[PDB]
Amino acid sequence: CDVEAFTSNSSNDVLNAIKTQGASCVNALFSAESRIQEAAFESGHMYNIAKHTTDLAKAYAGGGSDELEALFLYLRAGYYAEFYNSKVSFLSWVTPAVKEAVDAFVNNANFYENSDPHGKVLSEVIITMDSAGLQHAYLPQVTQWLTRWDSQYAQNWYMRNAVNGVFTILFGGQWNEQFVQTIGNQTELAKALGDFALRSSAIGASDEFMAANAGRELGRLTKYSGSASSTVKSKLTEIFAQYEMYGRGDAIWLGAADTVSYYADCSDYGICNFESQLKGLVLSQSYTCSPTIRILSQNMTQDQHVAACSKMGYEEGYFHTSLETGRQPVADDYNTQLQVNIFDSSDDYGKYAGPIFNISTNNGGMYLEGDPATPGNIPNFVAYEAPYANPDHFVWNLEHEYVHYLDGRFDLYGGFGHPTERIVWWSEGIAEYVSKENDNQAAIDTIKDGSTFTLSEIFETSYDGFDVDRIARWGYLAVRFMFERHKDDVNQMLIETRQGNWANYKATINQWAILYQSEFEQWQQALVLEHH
C-alpha cells in the first residue's frame, strides 16, 4: 500500500491507485492524516470516481468485483472523512454522482446475487446508501432484501454483513427529512421488516443478530405516523406473542421492546414494566458478600461468588486504608451497599443489561452511581463474565470498576456529574492504582516508549479523545506518584473533593503541576530503572 498515491490532483491517478491497491489499502484513508484526506477526497475526485464507478457497475456481471469493492469503499470513506474532518466538505454536485453509481449497482440484474464475493461489494454499496445520505432513496430495495432473505443467503458471511446494512439505513434515516416524511407510509417495508424479524429459522442461526436488528428497527418505526402504522403494530404484536422476553427469540423480543417502550405506549403492546420482570428472570442468583456488597448474577458458580467477594473485600479494605477514609462516606450519600450485576457473557450483557439498567452496552461494563442523595437510589455496577477475565471470579473489569463505587461514595461529593472541574485523571488513576497496586507493566511501557505527559497535561485529561494511554496509564502514574511522594497533598485534595469544593480541588492540583513536574520526571526514571 502507498497512501500518498491517493493525493495526486489528477483523478486518473487516484482511480489508478484505487484499482491497483485495492480495498485493503483504501482502508487507510478512513484514519489518514488530514492532509491526505483533504487531497484524496477532493469534490472533483469523488465526482470522477463515482462516474467511473457508475460505468463499471452497469457492466457488472455478478461474481464479485475487487475493483467495485474498492471504489464504493473509497466513496463512503470520503463521506466518513467529510463528516469528521472540518477541512473536507463536498460541493453540492458530489452526492448526485454518488447516487448515480449506487443506482447503477442497484439496477444491475445481478444485484440480488447470493455469494460471498458479491457480498463484499454489495456491503460497501448498501453502507454508501447511509453514508451518502440516501436513506430515502432505496426503500424498495430494503424491502426486497428483507423479503428475499432466507437460510441460503445466511450461509455467507459477507451476505450477512451486506444485508445487515439495511438496518443502518433505517437507523440513519431518522436524520433524513425525505425519509422521515415517507417512512410512515411504507406498508410493504413494514410488513417485510416484521416478517424478517419473525423468521423462526433465524433463532440460534448465524443470522439471529440480523433478526434482532430488524425487531429493533421495527419498533423504532412506531415514532412515525402514516398508512403503515397498523402493519407496524400488527407485526410488533406478533413478535411479542411469538417470542418471550427471556428464552426463545428474546434478542428479537427485547430489540423490539426497547424501541417500542421509548417511542410508543407500552400498554398498547402489553409490555409495560417488562424491565423489572426481566431483571428477576435473568439475574436469578443472589449472593451477599457483606453489608456493603451484594452480587446478582446470571450463571456464576459458588467458587466464582466466593472469589469475587474476597477480591472485592480485599480491595475494599485496601481502599479505605490507602484513602484514609475512616470508612466515613461523603455527605448526602446513602449508597450503602453496592449491587454487582454480573451477566453470563458479553452477548448476554448486550441483550439484557440495556433494558434492565437503561444503558448502552457497546462497552466493557459500567458503574451507575445514580443520585446518592435520593431515597431508593441503587448503586449498580453492571458487568459480565468472560473467559479471558481475571481468575478466579472471571468477571471482566471487576477489580478496576469496583473502585469507582468506593471512590464515588468516600472521595467525591455528589453524583457522577457533580464536579465542575476535570477529574478523569483522578477517577481512572485511583481505580487503576487501588486495583493494580504496583503491578502495571503497561504503565512502565508508556514511559519507556519515549512519549510522555506532564502533570499539567494529565490533570486536563477528558474522556473525549478516548486516549486510554493518557486516561488509564498516565492517570495511574500521576496518582501513584502523588501517593508515594506527596501523600499529605493527596489528603489535602481529598478534603475538597469530599465536600464538592471543586474550585479548591483545581487550585490545589494546579499547585502540583508547577511544583512537582521535575520530580515526577525523576520518579518515572526510577520506575523504569527498577524494571531495567
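All residue numbers are counted from 1 along the displayed sequence.
With 96 to 104 and 75 to 83 compared on mean CA B-factor from the PDB entry, the stretch scoring higher is 75 to 83. Stretches 270 to 278 and 326 to 334 differ in mean CA B factor, with 270 to 278 having the higher one. Of the residues listed, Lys351, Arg220, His400, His136, the entry assigns the biggest Cα temperature factor to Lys351. Highest CA B-factor among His404, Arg160, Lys448, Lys233, as stated in the entry: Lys448.
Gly475 sits in the lowest third of its chain by CA B factor, as recorded in the PDB entry. Among all modelled residues in this chain, the alpha-carbon of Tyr246 has a temperature factor (C-alpha) in the middle third. In the deposited entry, the Cα temperature factor of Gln181 sits in the top third of values across the chain's modelled residues. Residue-level temperature factors show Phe481 in the middle third of its chain, judged at the C-alpha atom. The deposited CA B-factor of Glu42 belongs to the highest third of values across its chain.
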